[PDB]
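Since the structure comes first, as structure tokens, the remarks are kept for the end.
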Amino acid sequence: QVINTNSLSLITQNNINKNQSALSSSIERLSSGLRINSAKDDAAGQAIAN
Amino acid sequence: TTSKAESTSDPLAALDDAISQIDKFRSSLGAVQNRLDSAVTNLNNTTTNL
Amino acid sequence: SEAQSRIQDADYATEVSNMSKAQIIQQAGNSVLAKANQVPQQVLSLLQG
Amino acid sequence: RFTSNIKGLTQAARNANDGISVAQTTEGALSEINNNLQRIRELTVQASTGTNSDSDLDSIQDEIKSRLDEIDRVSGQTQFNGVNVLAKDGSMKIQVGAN
Amino acid sequence: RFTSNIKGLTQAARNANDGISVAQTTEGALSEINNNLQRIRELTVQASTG
């Protein structure tokens, strides 16, 4: 009943934003072939691999 | 003005220590990255609700 | 070497499925966003303008 | 009397809506804090194993401390109109009636 | 007050994004330095032989 300032499309945008990180991480993981590409993943495993 | 240099006493151990230092710095940066990601998610949720 | 393979070398089957699910959910979210944005002009119709 | 009643009821309705909103904000903050605690639990489950060197334990403890500091920051940080929801163990009253 | 809060929070979210960016750059540089030290360790292990 109001103009898009109480719109729940903001919630849709938020859920899309949360899904985008997972999508990007999935594609990058698929391309690299390594479980850990940086220390944002399990850093202890990265050190063990090193 | 000049002193004759022989070698490092334990060449491998010093390199291992350097690897340990660089890996610890990696871990610190990875933790900062994850914390910043969580902060971004928090900020998005809070601005949506507000 | 086999040990190091057990920590690195992500098993492709998991992330191929994860990517497929993520892309499907992304398309669904895009559709939901467009459809939700399609709503407000009900008030414009209500205005008889 | 009826006009007074209806005006008061409308005001109370708006007040209750504001209360619902603040509850939503607090719930979102708590959800994210609990997500971070879930990550803490996963890291602890990894760290309990004895096949790790002390450097691994140091890195795990460092990231646990960082994420706990995030918990503290979010807890003391989330605010709603000059009021910190998670800073005190108080009570918050909403007027929902005409009297 | 709500408008002020939401504008500030959005801008802070962008700032946190920039922080993640700089962390990524530093971590990439450190990963390469890690590879270089690893090769140096290769060379040390080979050269220690008599």
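The table for this structure:
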quantity: Whichever residue in the stretch B:7-27 is hydroxyl-bearing (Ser, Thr, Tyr) and surrounded by fewer than 19 Cβ atoms within 10 Å (Cβ to Cβ) and, among such residues, is farthest from the other protein chains (Cβ to nearest Cβ); calculated: B:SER9
quantity: Residues that are surrounded by fewer than 16 Cβ atoms within 10 Å (Cβ to Cβ), under 23 Å from the mean Cα position of the chain (by Cα) and of a type in the set (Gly, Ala, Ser), drawn from the stretch D:29-59; calculated: D:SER31
quantity: Selection from the stretch D:41-79 of residues that are within 20 Å of D:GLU27 (Cβ to Cβ), in a helix (DSSP H, G or I) and touching a helix residue (DSSP H, G or I) at 6+ places or on another chain (Cβ under 9 Å); calculated: D:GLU70, D:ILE71, D:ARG73, D:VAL74, D:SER75, D:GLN77
quantity: Pairs where the first residue, in the stretch A:26-45, is facing chain B (nearest Cβ under 9 Å) and on the phi < 0 side of the Ramachandran plot and the second is surrounded by 15 or more Cβ atoms within 10 Å (Cβ to Cβ) and of a type in the set (A, V, I, L, M, F, W, C), C-beta under 7 Å, 6+ apart; calculated: A:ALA39/B:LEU29; A:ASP42/A:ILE36; A:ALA44/D:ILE60
quantity: Failed condition for D:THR26, given (1) without any contact (Cβ under 8 Å) to a residue 24 or more places away in the chain; (2) β-branched (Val, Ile, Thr); (3) assigned to a helix (DSSP H, G or I); calculated: (1)
quantity: Those residues of the stretch D:21-49 which are within 11 Å of chain B (Cβ to nearest Cβ) and β-branched (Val, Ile, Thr), in sequence order; calculated: D:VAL22, D:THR25, D:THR26, D:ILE33
quantity: Single unsatisfied condition, A:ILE3 versus (1) in contact (Cβ under 8 Å) with a residue 12 or more places away in the chain; (2) more than 10 Å from chain B (Cβ to nearest Cβ); calculated: (1)
quantity: Among (1) more than 9 Å from every other protein chain (Cβ to nearest Cβ); (2) over 21 Å from A:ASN15 (Cα atoms); (3) assigned to a helix (DSSP H, G or I), the one test that C:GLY49 misses; calculated: (3)
quantity: Filtered residue count, the stretch D:50-79, keeping only those that are charged (D, E, K, R), more than 24 Å from D:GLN24 (Cα to Cα) and within 8 Å of another protein chain (Cβ to nearest Cβ); calculated: 4
quantity: Residues of chain A classified as part of a loop (DSSP other than H, G, I, E, B) and over 30 Å from D:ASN52 (Cβ atoms), total; calculated: 8
quantity: Residue check, D:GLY82 at the interface with another protein chain (Cβ under 10 Å from one of its Cβ atoms) and not in a helix (DSSP H, G or I); calculated: yes
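So that you can scan it fast, the table gives a plain yes or no per residue for (1) outside any helix (DSSP H, G or I); (2) among the polar types (S, T, N, Q); (3) under 30 Å from D:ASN17 (Cβ atoms):
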| residue | (1), (2), (3) |
| --- | --- |
| B:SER3 | yes, yes, no |
| B:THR8 | yes, yes, no |
| B:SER20 | no, yes, no |
| B:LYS24 | no, no, no |
| B:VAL32 | no, no, no |
| B:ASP37 | no, no, no |
| B:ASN44 | no, yes, yes |
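Note that we place each Cβ from the backbone using ideal geometry, even for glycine, and neighbour counts take in every protein chain shown. Since every read-out is calculated from the coordinates, none of them should be taken as a lab result.
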